[PDB]
Amino acid sequence: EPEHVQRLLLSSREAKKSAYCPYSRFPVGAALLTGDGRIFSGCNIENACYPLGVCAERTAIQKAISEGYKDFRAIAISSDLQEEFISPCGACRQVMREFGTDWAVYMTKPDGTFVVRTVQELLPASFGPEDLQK
Amino acid sequence: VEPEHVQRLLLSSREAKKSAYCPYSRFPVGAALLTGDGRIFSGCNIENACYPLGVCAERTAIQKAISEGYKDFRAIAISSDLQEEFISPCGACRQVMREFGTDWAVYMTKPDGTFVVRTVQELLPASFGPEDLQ
Amino acid sequence: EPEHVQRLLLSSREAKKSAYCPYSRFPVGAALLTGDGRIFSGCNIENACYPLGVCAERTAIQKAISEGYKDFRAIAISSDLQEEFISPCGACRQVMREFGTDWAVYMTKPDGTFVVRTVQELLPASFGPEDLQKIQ
Amino acid sequence: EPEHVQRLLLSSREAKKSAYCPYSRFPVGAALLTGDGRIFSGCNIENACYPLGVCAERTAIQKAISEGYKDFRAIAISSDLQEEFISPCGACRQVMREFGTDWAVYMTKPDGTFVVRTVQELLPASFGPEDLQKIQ
Ligand SMILES: O=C1N[C@H](O)CCN1[C@@H]1O[C@H](CO)[C@@H](O)[C@H]1O
Ligand SMILES: O=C1N[C@H](O)CCN1[C@@H]1O[C@H](CO)[C@@H](O)[C@H]1O
Ligand SMILES: O=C1N[C@H](O)CCN1[C@@H]1O[C@H](CO)[C@@H](O)[C@H]1O
Ligand SMILES: O=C1N[C@H](O)CCN1[C@@H]1O[C@H](CO)[C@@H](O)[C@H]1O
Ligand SMILES: [Zn+2]
Ligand SMILES: [Zn+2]
Ligand SMILES: [Zn+2]
Ligand SMILES: [Zn+2]
């Protein structure tokens, strides 16, 4: 829905302002839209020990889940990288996939252009909960 | 930390634990942190079918706080369903805590409300940190 | 099958025996084939704190890199799932991609059947070194 | 220094040469001594996505486990930092603890000086395997 898309894209851009990224100096914002229209946002949060950082998409998803929301319709991602749409890393894709494959990922540039792909399209033939079921 | 803030933290952590996404371990964890200005942020563990892609309660709480512009932390309380052990932060959580200072308090609780309190410094002595990269 | 595929399949199946997986009871093996024909094995190694585990594919890659090998041709993955091909998680795909998009992932079943996809296919529109302007 | 200490320190220093760290430009080496005398080396291996990196200590431990070794006597860590002994991060401490608390961590400087602490001392009142035991 055009109302929700625009709010989501702006929320992702705004979330970027809170990024804690003194090591990469590469800020990332994300915003997730739930089934009932609520938006949760997040940013990357780095650690002196690089592996202990977290991505924007996961900050947003983790916030939503902690507040009792597991039904996601879309997630938008923003960065300062001008030359390419910001794409989720594989770890973020796997966390997205834990909560379904059919939902939309908006990969943006600072100028407001974007491309959309589903979680399924971004993580084909995925490992998932089904592997551990039965 | 005032007994009133401690009680608020204990209740917040236990309440947050109810939202835990942990179908793999069936080991729910909640956490609540207190900022300098008295705001409380809570979190829970959020697991993934690929075990390494989960996140701990403490980090969900810290990441939520940072995403909303708070990096000044006074205390964090942790809750679990383990009756016989105080719930202790894993080393990754200790390292994320340490990114935001060593002097603050960690309340490791039991379900009955008894707890052990230690500083981040005490839990992670001679720590790796931002100074290693200066 | 070609000799190198036979090698990948056997080494990956063997690697699974070393899995440290008391929590999931889901053992995974991986075998990584380098450009010069050397195979590096790996397995999942879990931790009481679930997020601190590592996957088989990353164990294998990390072993190869630590020994000075960065030219990877193929990696095979093995599990105990008889009725599913074992697929790499997104984190493993991202680590694979750090070392290139143009190499093969063999997703196997215990009966020795498999599906092959490239890293590029498994991680379309990949985040990577270009995002940090490291390709210069 | 005892012969096994000399070996640990030299192997850890040598392991640093293999570091894949184009993002931090902060190379780390580790050397893990098993009960039977075998040394496993490791180095940090970074990723364009910073969280997908791995530390030297875990590279070494994961290699050892993958080859069937779980009895660890000591681990030494090396870096290019002259001003500070290189200390393991909390994640590495937690992985060390999965395999016991009574063993030794040598935190070194490039000049060969070091401080030694046990895993227990570096990770007091630790979360561990017992937290997840079925019967309590
Ligand atoms: O937030 C992100 N989302 C994408 O999925 C990948 C990249 N990032 C973050 O960008 C910085 C550089 O890797 C890191 O801080 C990293 O976590
Ligand atoms: O939230 C946690 N806090 C402590 O730091 C460690 C343990 N956990 C969580 O407990 C489950 C079992 O490892 C996992 O889901 C794990 O993330
Ligand atoms: O080794 C793996 N490779 C694939 O990328 C994903 C699955 N795994 C491992 O399987 C167990 C369950 O998630 C875990 O121990 C997990 O790390
Ligand atoms: O290997 C390490 N051992 C210590 O436990 C912590 C630091 N590191 C590594 O140093 C770089 C900067 O955080 C990173 O590549 C990081 O993984
Ligand atoms: Zn990511
Ligand atoms: Zn933890
Ligand atoms: Zn994996
Ligand atoms: Zn480490």
Side-chain angles (χ1 to χ4, degrees), chain A residues 1-19 27-45 54-126 128-130, chain B residues 19 21 41-44 46 48-49 53 55 60 63-69, chain C residues 90 123-127 131:
Chain A
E1 294 176 49
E3 167 264 324
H4 280 131
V5 173
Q6 305 306 322
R7 266 232 296 168
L8 197 64
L9 296 164
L10 293 197
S11 178
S12 176
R13 221 175 182 266
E14 188 68 26
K16 193 172 57 62
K17 297 176 196 291
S18 294
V28 183
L32 85 63
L33 176 70
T34 72
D36 76 324
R38 190 160 171 181
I39 294 166
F40 290 93
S41 60
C43 57
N44 57 329
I45 297 157
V54 64
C55 297
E57 303 92 290
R58 286 175 297 161
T59 301
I61 293 166
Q62 287 166 11
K63 177 187 289 172
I65 294 162
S66 73
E67 304 283 350
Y69 295 81
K70 294 187 267 181
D71 176 16
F72 309 140
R73 281 196 68 96
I75 188 169
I77 317 172
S78 303
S79 86
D80 288 348
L81 183 71
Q82 297 271 164
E83 56 253 54
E84 190 55 273
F85 304 107
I86 180 65
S87 191
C89 78
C92 289
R93 294 176 195 202
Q94 191 66 54
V95 171
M96 290 170 194
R97 192 264 175 273
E98 184 71 18
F99 305 99
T101 64
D102 295 53
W103 56 298
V105 183
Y106 290 74
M107 294 167 281
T108 75
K109 282 173 186 178
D111 73 355
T113 63
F114 64 79
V115 288
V116 192
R117 292 291 179 262
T118 61
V119 176
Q120 178 64 211
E121 284 161 355
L122 289 171
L123 199 67
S126 55
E130 181 190 38
Chain B
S19 286
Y21 176 74
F41 291 94
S42 66
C44 57
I46 299 162
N48 193 273
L53 298 191
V55 58
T60 298
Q63 293 159 179
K64 275 173 71 181
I66 296 167
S67 76
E68 300 178 47
Chain C
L123 201 66
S126 54
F127 183 90
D131 286 87

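Each chain gets a letter, A, B and so on, in the order its sequence line appears, and its residues count up from 1.
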Open item on the list: If we ignore hydrogens and angles and just use 3.5 Å, is the side chain of A:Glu98 paired with the main-chain N or O of B:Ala49 as donor and acceptor?
Closed with: yes
TODO: Can you see which heavy atom on A:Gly37 is nearest to which on A:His4, and at what distance?
DONE: CA-NE2, 3.7 Å
Task: Heavy-atom closest pair, residues A:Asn44 and A:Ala19 - done: OD1-CB, 3.2 Å
Task: Atom of A:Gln62, atom of B:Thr60 and distance for their closest heavy-atom approach - done: O-CG2, 3.9 Å
Task: Whether over 12 other heavy atoms sit under 6.0 Å from A:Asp111 CG - done: yes
Open item on the list: For the backbone of A:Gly29 and the side chain of A:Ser12, can you confirm whether one donor and one acceptor N or O come within less than 3.5 Å of each other?
Closed with: yes
Open item on the list: Please report the interatomic distance CG(C:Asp131) to CD(A:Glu83), rounded to the nearest 0.5 Å.
Closed with: 8.5 Å
Task: side-chain contact (heavy atoms from CB on, under 4.5 Å) between A:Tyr69 and A:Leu32, intermediate numbers included - done: CA-CA 11 Å; A:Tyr69 295 81; A:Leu32 85 63; over 6 Å; no
Task: Spacing of CD1 belonging to A:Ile39 relative to CD1 belonging to A:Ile75, to within rounding of 0.5 Å - done: 11.5 Å
Open item on the list: Atom CD of residue position A:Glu130 - does it have more than 12 heavy atoms of other residues, nucleotides or ligands inside 6.0 Å?
Closed with: no
Open item on the list: Is it the case that the side chain of A:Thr101 and the backbone of A:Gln120 share a donor-acceptor pair, with hydrogens and angles ignored and the cut-off at 3.5 Å?
Closed with: no
TODO: Write down the atom of A:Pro110, the atom of A:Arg13, and the distance for their closest heavy-atom approach.
DONE: O-NH2, 2.8 Å
Task: Enclosure of A:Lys70 NZ (heavy-atom neighbours >12, cutoff 6.0 Å) - done: no
Task: Polar side-chain atom of A:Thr108 near backbone of A:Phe114 as donor-acceptor pair, under 3.5 Å - done: no
TODO: Can you measure from CD (A:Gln94) to CZ (A:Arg58) and round to the nearest 0.5 angstrom?
DONE: 11.0 Å
- [ ] Describe, in one word, how the ring planes of A:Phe99 and A:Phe72 are oriented to each other, choosing from parallel (under 30°), tilted (30 to 60°) and perpendicular (over 60°).
- [x] perpendicular
- [ ] Grab the two heavy atoms, one from B:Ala65 and one from B:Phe41, that are nearest each other, plus how far apart they are.
- [x] CB-CD1, 3.5 Å
Task: Under 3.5 Å donor-acceptor, A:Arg73 side chain and A:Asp36 backbone - done: no
Task: Nearest-0.5 Å distance that lies between atom CG in A:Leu122 and atom SG in A:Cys89 - done: 11.5 Å
Open item on the list: Let me confirm one number: the CD1-NZ distance from A:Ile45 to B:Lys64, rounded to the nearest 0.5 Å.
Closed with: 12.0 Å
TODO: For residues A:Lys16 and A:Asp80, determine if any side-chain heavy atom of one lies less than 4.5 Å from a side-chain heavy atom of the other.
DONE: yes
Open item on the list: Would the distance check show the side chain of B:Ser19 and the main-chain N or O of A:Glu67 forming a donor-acceptor pair, the cut-off being under 3.5 Å?
Closed with: no
Open item on the list: Ignoring hydrogens, what is the shortest heavy-atom contact between A:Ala74 and A:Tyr106? Give both atom names and the distance.
Closed with: CB-CE1, 3.9 Å
- [ ] Mind running side-chain contact (heavy atoms from CB on, under 4.5 Å) on A:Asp71 and A:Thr34 for me, showing each step along the way?
- [x] CA-CA 6 Å; A:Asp71 176 16; A:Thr34 72; 5.7 Å; no
- [ ] Could you walk me through whether A:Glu57 and A:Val95 pass side-chain contact (heavy atoms from CB on, under 4.5 Å), step by step?
- [x] CA-CA 9 Å; A:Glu57 303 92 290; A:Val95 171; over 6 Å; no
Task: Side-chain (A:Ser41) to main-chain (A:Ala15) donor-acceptor, under 3.5 angstrom - done: no
- [ ] Let me see the working for A:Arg93 and A:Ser87 under side-chain contact (heavy atoms from CB on, under 4.5 Å), right down to the final yes or no.
- [x] CA-CA 10 Å; A:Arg93 294 176 195 202; A:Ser87 191; 2.9 Å; yes
Open item on the list: Any non-hydrogen side-chain atom of A:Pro88 less than 4.5 Å from a side-chain atom of A:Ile77?
Closed with: yes
Task: Heavy-atom donor-acceptor pair, A:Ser79 side chain to A:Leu81 backbone, under 3.5 Å - done: yes
Task: From A:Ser126 atom OG to A:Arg97 atom CZ, the distance as rounded to the nearest 0.5 Å - done: 4.0 Å
